[PDB]
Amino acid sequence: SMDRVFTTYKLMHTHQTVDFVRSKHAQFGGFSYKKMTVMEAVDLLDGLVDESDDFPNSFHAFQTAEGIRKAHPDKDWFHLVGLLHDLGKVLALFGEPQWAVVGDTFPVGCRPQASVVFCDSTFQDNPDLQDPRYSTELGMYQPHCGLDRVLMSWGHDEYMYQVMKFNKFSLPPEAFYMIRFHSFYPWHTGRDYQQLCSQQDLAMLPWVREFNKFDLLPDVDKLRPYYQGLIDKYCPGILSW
């Protein structure tokens, strides 16, 4: 598998510190990079190949949405979750390097656990891992705080979650959560990070695993009007990114 995939994660696991994530929350927390509609966001990602993997990520938006739609035909909000879920990748078009945008996510501020991809080979130069506040199992966290109180590595999950919240998308809470934690492989697949999750995360786990099935070229022009209706329904108009 790619040397580029490995290099993406090496850079990610070096530079994603507590300070770094906090800096990125400040940098993007104003939503003044762009005014654009959801469909513009989808089309912008025509010019993005995901280096943590090939085709444009935009096709993947439709593919995912259509996979969910086949399996859950009467659940329109869930089809849209498919379309929306990787649109935080617009960060890359905003000048962000891909280790700060794509890839599996992991909590910052506590020791990385075994199922964090390339855990053994990629954390050497992370400065946080010699800081006694962050080098331990729990790090800066209290036991069983819940994932919504964890500071995750920064990229397309928290970013899109924040875009949705700011713009007041009218999706159910499960839709927000799926998107926010869909890259958190160590938790939803590795079953790591049990020290941090709560009952609330246990309730959400079946939703995330169900979504992940469809995350893991279509005739996209024919699909546009349907997905436009869903956008009009759940997240209409020019949004702040």
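We number the residues from 1 along the sequence you see.
Counting the deposited residues that fall between residue 202 and residue 203 and carry no coordinates gives zero. In this entry, residue 53 and residue 54 are separated by 1 to 3 residues of the deposited sequence that lack coordinates. Higher average CA B factor: 98-106, of the stretches 98-106 and 151-159. Averaged over Cα atoms, the B-factor as recorded in the entry is higher for 110-118 than for the other of 110-118 and 77-85. Considering 196, 68, 38, 49 together, the PDB entry gives 49 the largest C-alpha B factor.
Of the residues listed, 58, 27, 183, 64, the entry assigns the biggest Cα temperature factor to 58.
Ranked by C-alpha B-factor against the other modelled residues of its chain, residue 175 falls in the lowest third.
In this PDB entry, the Cα temperature factor of residue 219 sits in the top third of its chain's modelled residues, the highest group.
The PDB entry assigns residue 234 a C-alpha temperature factor belonging to the middle third of its chain's modelled residues.
When the CA B factors of the chain's modelled residues are split into thirds, the value for residue 164 lands in the middle one. Residue-level temperature factors show residue 92 in the middle third of its chain, judged at the C-alpha atom.
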